[PDB]
Amino acid sequence: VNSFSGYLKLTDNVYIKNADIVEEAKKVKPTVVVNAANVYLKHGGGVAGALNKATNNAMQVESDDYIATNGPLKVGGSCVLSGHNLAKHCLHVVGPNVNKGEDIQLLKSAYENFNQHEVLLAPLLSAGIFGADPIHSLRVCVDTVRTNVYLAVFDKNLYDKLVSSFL
Ligand SMILES: CCCNC(=O)c1ccnc2[nH]c(O)nc12
């Protein structure tokens, strides 16, 4: 038993809700919240900009130190950093950005990072400003993640299309 509430169960291990991931994080305080990161951990907009704003820019300060030490992530890769006031940990995962021409096959590799964590609160990778089809992203999630994932979808209209079209 865990503290996530109001989710629709899609599969044995995947759940979905219309929610603001920032507000969901602050209420649940999950062990892991997933950020829709880029390789530079520049949290300017989308999910990343919202999460970072909710940390009063502490996420960005921590991220800049991480990059200065380690260099950029790989597309499809991830790193674990602090969850600040939102979660114990933040798993920064880089899905491919179609608006940068990155290969969509890397979306499966991105979701594989979730399997290193027993339970996660997460957005749909590569959705939103990353330019992928969220219906495809949900399919890859279901077919790749084996751990327990709670998907927050900000847009109510999108949440309903994802549910109604789910196979
Ligand atoms: C709506 C298209 C892309 N989706 C997001 O950007 C997103 C998802 C979940 N929670 C969020 N909170 C926030 O500000 N944006 C989001």
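As the structure lists them, so they are numbered: ligands from 1, and atoms in each ligand from 1. Note that the numbering runs from 1 along the sequence shown for the chain. Excluded from the calculations below are hydrogen atoms, water molecules and symmetry mates; all remaining heavy atoms, backbone and side chain alike, are included.
- At the shortest separation from atom 9 (C) of ligand 1 among protein heavy atoms lies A152 O, 3.4 Å.
- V94 and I129 are not part of a single hydrophobic cluster, where members link through side-chain heavy atoms under 4.5 Å apart.
- In this structure, the side chains of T147 and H117 stay at 4.5 Å or more apart for every pair of heavy atoms.
- The closest side-chain heavy-atom distance from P123 to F154 is not below 4.5 Å.
- Contact annotation for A50 and ligand 1: only side-chain heavy atoms (C-beta onward) come within less than 4.0 Å of the ligand.
- In terms of protein heavy-atom proximity, atom 6 (O) of ligand 1 is nearest to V47 CG2, 3.4 Å.
- At the shortest separation from atom 3 (C) of ligand 1 among protein heavy atoms lies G128 CA, 3.0 Å.
- Using a 4.5 Å heavy-atom threshold, the side chains of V28 and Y150 count as separate.
- Residues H43 and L51 form no side-chain contact, since every pair of their non-hydrogen atoms from C-beta on lies 4.5 Å or further apart.
- Here the heavy atom of the protein found nearest to atom 1 (C) of ligand 1 is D155 CB, 4.2 Å.
- Of the residues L124, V142, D143, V34, the one that meets the side-chain contact (heavy atoms from CB on, under 4.5 Å) test with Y111 is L124.
- Comparing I21, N18, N157, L158 by heavy-atom distance to atom 10 (N) of ligand 1, the nearest is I21.
- Annotation: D20 places an N or O atom under 3.5 Å from an N or O atom of ligand 1; distance criterion only.
- Close approach of ligand 1 to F154 (heavy-atom distance below 4.0 Å) involves ligand atoms 7 (C), 8 (C), 9 (C), 10 (N), 11 (C), 16 (C).
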